[PDB]
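1. can't give you the sequence, but here's the structure:
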C-alpha cells in the first residue's frame, strides 16, 4: 500500500513503468501570498483552484500587511501556471473564496489550464498512469495495493526507443596528390616523362 | 511529542491527523511539523497524505 | 547532528571537523565602465566592503 | 601487405550536433521541416494480436509499404519544436530504486534536489552535477588492475569502493567535497527550475535545455553564474553531450472521433511524416504545407512529404474522453 | 510487443538538414578542417603495415589534437555534394559489367564503351526488372519471381544487351526484347561530371541546386505531378555526402618547408571563433579559407571527427587533396 | 559559529559575568539567537574562544 | 559419496591450533605459514599467518558423526512409569 | 584533523573479533556460502566487482526497483550463511532508451563477476564486559599515547 | 477465436511435483521390474519367470 508498492508492483508484475498520481506527491514547496480572512484552516491539505489547476496546502501561516492578514499557505505542487490574479475556489470547500495569488509555477498540458472539463467529485481521487492497457492491470492492483473504497482515473502513455546514430558513421577518408600549374616555374629537374 | 494522537475524518479521504504536544510548548512548533512530516513522508499509503 | 559531545575533549579542531557551518563560494558582479576611453585600460580592486 | 592503414573517429558531440541542427530544421511555415504523426489500422494484425507474447509484424519500407501504412491511417498530428527537447538519463543522488545510489563513477551526472532524500537545499529547483573523481579504492573494469589511478592510467573504467557520503553541493565550479574529505569529487552544471522539472522531467530522463532557449535566461537555468571565457557560450548541451531528443505529443479523441468511437479495435501501427502537403481539388494547384495540428488523412495530399519512421504495435485502443500521450525519443 | 522502422530516406534527410546547416556567416555552421602532428607516431610509423594508435575522444584527446594542429581550412557548401557509388554499364574491368540487379543504378554515356550517345552528359538509369533466368540469393528458390515474391535477392543469368536509353518512364528495352527494364532519372551535365565525379562515386545534385536548373540536370522532363518536386535525392536515397577540400602549401609554408615529416592526423572543426587580443571582445566566426591554428581561438568551435594516419609528408609546390565521405 | 564574547576587562556593556560570591560562583549569559542555518542541526556548543 | 562429484579427498577447511576452522584458505607456498586464502591468486590480503591444521574430508566425516556420540536419555527406571502416563495422555488425545 | 599541540584524538568505535574478506568469482548457479559460523549479519559487507552492496534483508524489495545493487543474506539449513541477490536483469532496446528494469528488485551481477565479501567472525559471549583495552595494531607515523575508554 | 497459444501458462492449475504421485501397483512393479532389469550384476535373470 505504500506508493513504492504501486511502482514496484508492475516491475515484478509487468516489468514496465507505471506512475500513480497523488496530489501531495514528491513535489513540495510554495510561492504566492494569500489575502483571506480567518479561513477555517481545515482546508490545509485540501486543494483549491484557478483555471490553471488545483493543488493541496499542507498548512498556512498568515502575517500582517495593512492589517488584513496575509495567508501564506504551503502547497505540494502546481497544476497549470499560476497568475497574480486568478479565479480562486477551494477544491474541498464551496464556501471559501481566496485572494489573487502572487507567485507562479506551471503544470504543462496540451490545452493548458482553462476549466479543463468534467472534473469529478473533487476529481482528485488519485490518478494512475502506465503504458500497459487497463483490465490487464485493473483487477490485480486493487487485488494487491490499490485500496478498496477508492476508484482511480487512468491516463496512458508511451515512449519509443530508437537508434539513429549506430547507422551513422564515417565510411572512409581519402586524399590526392596533385601538381598545380601556376606558371611561375622553370623546368629544370628531369624532363619529358609523361607525354600525351 | 509527549503523546501523538492519530485520527482522521471520513468526510475528507486521503488524509491523516495526529495530535502532538511538543511538551516544550502548548502548541507544537512548526520546525518540527516540517521536520516530522518529512521524515514521516517515507511511509505514506499512496492514496493517503498524512497531515 | 551525530557526534556526542559530553565531557570529552580539549581539542578545538576535532570538533571543527564538522561544527556544521558553511563554506566558500564565488559570485560575479555587475558590468564595468572605463574610467576613460577603454575598459581594458582600467583595473579592479575590491576591499571586502 | 597493406601499405596505408589509418584510424579516424567521430566525436559523440557530432551526435549532438546533428540533433541541434535537426532541432533547427523543424520550421514554422517555410523551408524548414514540418512534422505530422499518424496512427491507423483499426484492422487486426491477427486473431492472436490480443494474446500475450504477440509481436505484430515488423513494418515494411517500400512504396508499397508506404501506401499500406498510408492506406489505413486514422489520424495525423503536427509537432511544434517546443515539444522537442534534448534529454539525458536522469540519475539522482541517494535514490534507492536504482543500483548504487551512493556509488558514482567518473563523469557520471547526478541530479540533486530532485527528491526529499536527495534534496539538500530548499527553495531551489533540481540540480545537475557530474562526478569527476571517485574514491581511490575500488575495482577496475580491466581485471588486471587493482589501482584506480593505474586503472585510469590505462583508461579502463573504475568503480570506486567507497559510497558517497553526501550528495554534491555548490554552484562552485570545481567543488565536489574537496577539502574536508571524500573519494568523490563532483562537478556542477546548472540548476533546473521546478516547473520544467515537474512538467518535462521523467524520473528516468531529465530534460536538457537548448542553447537558444538558454540564450533567453541563463539564470532560470542557473547557468548565468559561470566563467565560460568564450563569452556567452550557452552551448551547454555540448558539455553534457546529450545525444537524445524527446518528442512529446498529445493525442485527443476529439480531433478523430471516428477512430475514438466505442468498439474501435484501435490502431495497430504508428507512422510519422515530414513536410506533407495539403489535399488539393486541382492537381495543378501549388502545394501547401500543413499548419493545423491535426488532419484527417483525407485533408492531406496522398503521399505528399516524406515519412521517415514507420511502426507496428499490438492494437492500441484509443477511447473518447481518454487523453493519450505518446513520447518518442531519438539518439542521433 | 511492437515493431518499428526508420525509412532509409531519413538517412538522406539528415544530410539535407546537415547540408542546409553549413552557414555562410551567421547562425549556421561553419566548418574547418585541420591537420597536424608533425611528431612521429613511432620510429616504425613510416613502415608498411603501420597503423597509428586508435584515436581517443576526450577533452584531453581534443587538447592534444588541438595542440599539434598544423593548419585549418574552411569548407564551402558547394564543396559538399550528395553522392552514390558509381556503376557504369559495360565496364569490363569490374565483374558483371553486363549483369544488373533490380533497382541498381546505372550511369550511361560515361565512357566510350558506356557511351551510347554523344552530345549529352552522363545518364543515370535504375534497373527495374532483370532477366527471368538467374540465381536467387536464397539457395532454396529457383524462380526469380518466387525468390522475389518471398523477397530473397535474385541474381539474373542473362546480361544486358545495351545500356538503357530514353528520357521516358520505364523504357526498358521492354517492348522489342530484353531481360532488363530501365527507369530514367536525370542526366548529369558534363562540366559537373568531370570535376565532381570520382570513378567510384558519382555526385548527386542538390534539390536547391536542382531548383535552379531542372534541365542542366535533365530532370526538367518529368512528370512529377506534384508541380515542382525536385526531391529527387529521395528517389536515389543517397545517404552519403562527400567532403571535398583543398590543401595548399602557400597558406602554410612553414609546414611545407623541405624536410618536414608531415602531419600524422586530421581533424575537422565546426564554427570556431576568431582569435581576440582581448577576451572581453566579442567573438567572431571564421570566414577565411585558412587560419593558422594560432589565428583561431584556443579550443574554439567543435571538432566532430578525429583522424589518425601513418605520417604523410606535405611539400611546397605540391598540392594535396582530401575527400571525406560521411554515411549518415 | 556565533560568538558570545568581547566587551573584555569587565566593561559595562557585556552583561556577561562570572560572579564569585556567597561561597559560590555565578555565571550569567544572555539568551542566544540563531537563524539562517539552512540546515539540520543538533545540540549547541559553547566554545571557549 | 557426497564429495565424489565435487571431488574426492577434498580438503574441507583449515583449522588453526586453537580449533578455529578456517574455510576457503590456501597458502601461497612461499611462506606456508602465511595464508592468503584463495580465489585471491594470493599476493594479497593473507587473512592469517602461522601453522594451521587442514582437515581431510574423511577426517571431516569423522568429526561430524563424532558429535552424535552423546545422547540425552531418560532413566531406565522411569521408562516404565513414564510409558503409562503418555499412554493415558493419548486417551485424552483420542476423544 | 590534527590539533594544535601536534596531537589529535579521533573518536572511533569498535567490534569483536577479526575481519575476513573473501574474494569469489561469480557463477550463475552456485550457492554462495559462508561456511563460517560466528560471522555477524550486519558485520558483513560484500563487494561485487566494483561495488559494495546493500541488503534489504530487514527491508523491502518492493522498495526500490528491479535493477538495484543489493544482496540478501539467508540461512543454509546446515547452519552456515548462504546469501544471494536478485536479478533486475537489464537490457537496452536499440540503445536509445534508458537501461531497462526487468525482473525483480535486485540487479544480477553478470556471470564471472568478481565477488569479495567482508565480515566478522566473532565471539559474542565474552564480548560483554571487556573494559581492559590496548592498541594491538601498529600504524606508521601514527602513535596513540592514550585511548580514553568509555569516552564521550 | 477461443485461445491460441505459445507454450503458455504453467504446470496445470496447481503444483503436483508428481514424482510423488501414487501409481498403480502393477505399473509400480512394471516400473520397478524394469529397474532390477538392466542391473549390471545380472543381465541374465528373466523376470517374467514366475
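-> Thanks, I have the structure now. Numbers count the residues shown, from 1 in each chain, chains lettered A, B, ... in the order given.

2. Would you mind pulling up the elements that the longest strand seen in chain A packs against?
-> Counting residues, the longest strand found in chain A (DSSP state E) is strand A:169-179. Contact analysis of strand A:169-179 by 3 or more CB pairs under 8 Å, 6 or more residues apart in numbering or on different chains; DSSP states H and E lists strand D:7-10, strand E:318-327 as its packing neighbours. Placement of C-beta: from N, CA and C, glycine included.

3. can you tell which of these is closest to residue F:39?
-> Across the helices and strands packed on strand A:169-179, the minimum distance to residue F:39, taken as CB to CB, is reached by strand D:7-10, at 46.0 Å.

4. quick one, what contacts the closest residue to residue D:329 other than its chain neighbours?
-> Leaving out its chain neighbours, the residue that sits closest to residue D:329 by CB to CB, 6 or more residues apart in numbering or on different chains is residue D:246, at 4.9 Å. Going by CB atoms under 8 Å, 6 or more residues apart in numbering or on different chains, residue D:246 touches D:84-87, D:205, D:207, D:327-329.

5. can you list the residues that contact the longest strand of chain A?
-> Taking CB under 8 Å, 6+ apart as the rule, strand A:169-179 contacts D:6, D:8-10, E:240, E:266, E:305, E:307, E:312, E:318-327.

6. what's the burial count for the residue in chain G that chain A sits nearest to?
-> Residue nearest to chain A within chain G (CB to the nearest CB): residue G:39, separated by 32.7 Å. Neighbours of residue G:39 under the rule other CB atoms under 10 Å in any protein chain shown: 15.

7. do the one 4 residues further on as well
-> Using other CB under 10 Å, residue G:43 has 10 neighbouring residues.

8. one step back: could you redo the helices and strands packed on strand A:169-179 as a markdown table and give each row distance to residue G:34?
-> Listed next are the helices and strands packed on strand A:169-179 as a markdown table, based on distance: least, CB to CB, whole Å:
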| stretch | distance to residue G:34 |
| --- | --- |
| strand D:7-10 | 48 |
| strand E:318-327 | 60 |
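
9. Point out the one among these that comes closest to residue G:29.
-> Closest among these, once you apply CB to CB, is strand D:7-10, at 45.6 Å.

10. Any part of that closest one near chain H?
-> No: Strand D:7-10 is not in contact with chain H by CB under 8 Å from any CB of the partner chain; minimum separation 15.4 Å.

11. Give the partner strands of that strand in its sheet and their orientations.
-> strand E:305-308 (antiparallel) (DSSP bridges).

12. to the chain's geometric centre, what's the distance from the strand it pairs with?
-> 18 Å (CA atoms, centre = their mean, to the nearest Å).

13. Show me where chain I has its helices.
-> I:25-36 (DSSP state H).

14. what number of residues lie near whatever residue of the stretch 51-200 of chain D ends up closest to chain C?
-> Nearest to chain C, among the residues of the stretch 51-200 of chain D, is residue D:172, at 5.5 Å (CB to the nearest CB). The tally of other residues near residue D:172 (other CB under 10 Å) stands at 17.

15. Can you tell me the closest non-neighbouring residue to it?
-> In space, residue D:172 is closest to residue C:25, 5.5 Å off (CB to CB, 6+ apart).

16. That neighbour is in contact with residue D:174, isn't it?
-> No: Residue C:25 is not in contact with residue D:174 according to CB atoms under 8 Å; the separation is 11.3 Å.

17. what does the longest helix along chain G contact?
-> Ranked by residue count and defined by DSSP H, the top helix of chain G is helix G:76-92. Identification of contacts with helix G:76-92 by CB under 8 Å, 6+ apart yields residue G:74.

18. likewise stretch D:115-124?
-> For stretch D:115-124, using CB under 8 Å, 6+ apart, the contacting residues are A:26, A:28-29, B:38, B:41, D:92-96, D:111-113, D:127, D:166-167, D:169, D:191, F:38.

19. Please identify the buried residues of it?
-> D:115, D:117-120, D:124 (16 or more other CB atoms under 10 Å in any protein chain shown).

20. about what we covered before: can you tell me which residues contact the residue of the stretch 51-200 of chain D closest to chain C?
-> C:24-26, D:188.

21. Residue H:43 too?
-> H:15, H:119-120, H:122.

22. Can you go through the residues you listed and name the buried ones?
-> The buried subset of the contacts of residue H:43 (16+ other CB under 10 Å) comprises H:119-120, H:122.

23. picking up where we left off before, would you check how far apart the residue nearest to residue D:329 and chain H are?
-> Distance of residue D:246 to chain H, given as CB to the nearest CB, to the nearest Å: 10 Å.

24. Tell me how many other residues surround residue A:4.
-> Counted with other CB under 10 Å, residue A:4 comes out at 21.

25. residues near residue 29, how many?
-> Just going to use chain A. Neighbour tally, residue A:29, other CB under 10 Å: 16.

26. that answer is for a different chain, and I need it for chain G
-> Applying other CB under 10 Å, I find that residue G:29 has 9 neighbouring residues.

27. Also the one 4 residues further on?
-> Under the neighbour criterion other CB under 10 Å, residue G:33 is assigned a count of 12.

28. Please apply the same query to residue H:104.
-> 22.

29. who's in contact with residue H:85?
-> H:53, H:70-72, H:106-109.

30. again, but for residue F:39
-> residue C:20.

31. Would you map the helices across chain B?
-> For chain B, the helices defined by DSSP H occupy B:30-41.

32. In it, which residue sits nearest chain G?
-> For chain B, CB to the nearest CB, closest residue to chain G: residue B:42, 38.5 Å.

33. measure stretch D:246-264 end to end?
-> 29 Å (CA to CA, to the nearest Å).

34. For it, list every residue counted as buried.
-> Here stretch D:246-264 shows D:246-253, D:255-256, D:259-260, D:264 as buried, counting by 16+ other CB under 10 Å.

35. Same question for stretch D:107-117.
-> D:108-115, D:117.

36. which residue sits farthest out from the middle of chain C?
-> residue C:37 (33.8 Å; CA atoms, centre = their mean).

37. Could you report the separation of that residue from residue C:31?
-> Note on residue C:37: its distance to residue C:31, by CB to CB, to the nearest Å, is 17 Å.

38. and if you look at residue D:275?
-> 45 Å.

39. Ok, residue H:57 next?
-> 60 Å.

40. The two - which one has more neighbours?
-> residue H:57 (15 against 5).

41. if I pick that one, what's in contact with it?
-> H:72-74.

42. Switch these over to JSON lines; also include distance to residue I:3, neighbour count and secondary structure.
-> JSON lines is the format used below for the contacts of residue H:57 (distance: CB to CB, whole Å; neighbours: other CB atoms under 10 Å in any protein chain shown; DSSP: H, G, I helix; E, B strand; the rest coil):
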{"residue": "H:72", "distance to residue I:3": "38", "neighbour count": "17", "secondary structure": "strand"}
{"residue": "H:73", "distance to residue I:3": "43", "neighbour count": "19", "secondary structure": "strand"}
{"residue": "H:74", "distance to residue I:3": "39", "neighbour count": "13", "secondary structure": "strand"}
